[PDB]
Participant: 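Once you've had a glance at the structure underneath, I'll fire off some questions.
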Amino acid sequence: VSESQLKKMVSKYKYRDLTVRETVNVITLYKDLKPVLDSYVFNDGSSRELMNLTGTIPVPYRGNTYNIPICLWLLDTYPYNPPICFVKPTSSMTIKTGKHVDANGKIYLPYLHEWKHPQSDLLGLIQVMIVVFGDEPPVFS
Amino acid sequence: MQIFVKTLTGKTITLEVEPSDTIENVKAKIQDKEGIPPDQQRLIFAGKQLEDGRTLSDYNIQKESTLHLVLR
Ligand SMILES: [Cu+2]
Ligand SMILES: [Cu+2]
């Protein structure tokens with residue numbers, strides 16, 4: 001919540017204004033995503049406090065709407081490097097691994113591999129995710 | 001179910017686990033496979049350092065997942 005609270009959570013980001021604006025634009029359209037500050041521990045055991053977007057995105061499939069839980073972690077160089085993106089299954093969900101999601105929930109898309117500011121942004125990423133996941137569901141009940 | 005544990009450099013190793021296994025139980029399985037004592041082990045998954053008391057289930061870690069191991 002709140003633009004002021006948001007600016008505070010990204011205070012240590014090199015490109016605060018850009019990150020804030022992209023984030024506002026995302027959560028304006030996608031109201032079940034929310035910005036949170038948490039420590040991310042990388043595979044080498046180092047740790048950084050990063051802002052992430054966490055929540056669900058709506059994905060129509062076979063007549064129903066599936067609210068897929070994701071996490072989009074922004075590196076402190078955002079928006080010049082892409083988010084680290086994960087599907088976060090709940091106890092009622094199994095990951096269906098495939099071209100765009102591995103066994104860990106890591107997401108793979110052309111939008112991420114070809115990421116370049118300013119043409120790439122969070123909103124763009126999310127809509128691509130929704131298109132891809134609508135044809136190739138990353139979870140099942 | 002099968003999971004994987006990677007260090008930065010080493011060969012990967014495969015473990016047989018169940019969702020009910022604690023992170024401690026996984027560390028005990030690594031100790032049996034490699035000799036490393038559990039208190040020298042940190043296990044990491046998708047941005048989180050896993051906690052000894054919690055289960056694979058609590059983290060929704062599914063089959064074929066890779067955990068990352070770093071040593072004290
Ligand atoms: Cu595809
Ligand atoms: Cu033993």
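In what follows, chains are A, B, ... by sequence order, proteins preceding strands, each numbered from 1. Atoms within each ligand, like the ligands themselves, are counted from 1 in listed order. Atom set for the values below is all heavy atoms of this structure, side chains included, hydrogens, waters and symmetry mates excluded.
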Participant: Going by the rule salt bridge (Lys or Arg N to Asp or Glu O under 4.0 Å), which residues pair with B/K6 if we only count those two or more places apart in sequence or in a different chain?
Facilitator: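 Not a single residue meets the salt bridge (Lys or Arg N to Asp or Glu O under 4.0 Å) criterion with B/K6.
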Participant: Given A/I107 and A/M129, is the side chain to side chain contact (heavy atoms under 4.5 Å, CB included) satisfied, shown in steps?
Facilitator: CA-CA 9 Å; A/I107 290 159; A/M129 246 183 239; 4.2 Å; yes
Participant: Indicate whether the side chain of A/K8 and that of A/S4 have a donor and an acceptor atom separated by less than 3.5 Å.
Facilitator: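 There is such a pair (donor and acceptor under 3.5 Å, judged by atom type) between the side chains of A/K8 and A/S4.
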Participant: Are A/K12 and A/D76 within salt-bridge range, i.e. N to O under 4.0 Å?
Facilitator: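 Not counted as a salt bridge, because no side-chain N and carboxylate O are separated by less than 4.0 Å.
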Participant: Do A/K7 and A/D17 meet the salt-bridge criterion of a basic N to acidic O distance under 4.0 Å?
Facilitator: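 A salt bridge is present here (some side-chain N lies under 4.0 Å from a carboxylate O).
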Participant: Could you please tell me which protein N, O or S atoms lie under 2.8 Å from the Cu ion (ligand 2)?
Facilitator: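 Listed by chain and number: B/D32 OD1.
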Participant: Roughly how far, to the nearest 0.5 Å, is the OG atom of B/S57 from the CD atom of B/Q62?
Facilitator: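 It comes to 9.0 Å.
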Participant: Distance check, rounded to the nearest 0.5 Å: A/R16 atom CZ versus A/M9 atom CE?
Facilitator: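 So the CZ of A/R16 and the CE of A/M9 are separated by 15.0 Å.
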Participant: List nothing but the number: protein N/O/S atoms under 2.8 Å from the Cu ion (ligand 1).
Facilitator: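 Total protein N/O/S atoms under 2.8 Å from the Cu ion (ligand 1): 2.
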Participant: Testing A/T23, A/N52, A/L50 for side-chain contact (heavy atoms from CB on, under 4.5 Å) with A/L74, which one passes?
Facilitator: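 It is A/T23, the one option of A/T23, A/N52, A/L50 that forms the side-chain contact (heavy atoms from CB on, under 4.5 Å) with A/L74.
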Participant: Going by side-chain heavy atoms closer than 4.5 Å, which hydrophobic residues are tied to A/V41, directly or by a chain of links?
Facilitator: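 For the cluster that includes A/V41, the remaining residues are B/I44, B/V70.
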